[PDB]
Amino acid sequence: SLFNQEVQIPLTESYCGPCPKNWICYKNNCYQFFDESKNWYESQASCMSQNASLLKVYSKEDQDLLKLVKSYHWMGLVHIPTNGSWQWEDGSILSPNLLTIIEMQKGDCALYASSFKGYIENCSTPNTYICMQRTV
């Protein structure tokens, strides 16, 4: 119901944002892909320098564009060894039924890959990375 049911016309169009200049805007989220390979710590530093975090996966519907992504990329998922549980940079939990986590290399960080996969990787291994900022 863009009107009262769904139809794509010039009148039901909106602006997406606010986002950093020339980022991807989709369903109130801003994304950018960085092709310079960095370790997890430097990827996190790079995103936070732009007032963003690494990719956080919270919804298959709101982030369905993640299905189309080629290759492997740092996201904001980190291991607490004390519990054996995964959480995001922001301290929130990994919600069930979002990611399949796959044991690849022993390590405490995860690479995002399509569709909704996390590959456990050595935090020190250089990789491309995805930054995310919520619009509001």
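Start at 1 with the first residue shown and count on from there. Between two forms, the rigid core is defined as the largest C-alpha subset superposing within 1.5 Å.
Participant: Which is farther from the shown form in 4 other deposited structures of this protein in C-alpha RMS with the core fitted, 94-102 or 41-49?
Facilitator: Checking 41-49 against 94-102 in 4 other deposited structures of this protein, I find the farther stretch is 94-102.
Participant: Which of these two stretches, 108-116 or 14-22, has the larger RMS Cα offset in 4 other deposited structures of this protein when the rigid core is kept aligned?
Facilitator: Greater root mean square C-alpha distance in 4 other deposited structures of this protein: 14-22.
Participant: Please compare 49-57 with 75-83 and say which has the higher mean C-alpha temperature factor in the record.
Facilitator: Between 75-83 and 49-57, it is 75-83 that shows the higher mean C-alpha B-factor.
Participant: For the C-alpha atoms alone, is the average B factor greater in 25-33 or in 93-101, going by the entry?
Facilitator: Averaged over C-alpha atoms, the B-factors run higher in 93-101.
Participant: For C131, does the deposited CA B-factor place it in the lowest, middle or highest third of the chain?
Facilitator: For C131, the deposited C-alpha B-factor lands in the lowest third.
Participant: In terms of the chain's CA B-factor thirds, is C19 lowest, middle or highest?
Facilitator: For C19, whose C-alpha B-factor we compare with every modelled residue in the chain, the answer is the middle third.
Participant: If you rank the chain by CA B-factor, which third does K70 end up in: lowest, middle or highest?
Facilitator: As the PDB entry reports it, the C-alpha B-factor of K70 lands in the lowest third of its chain.
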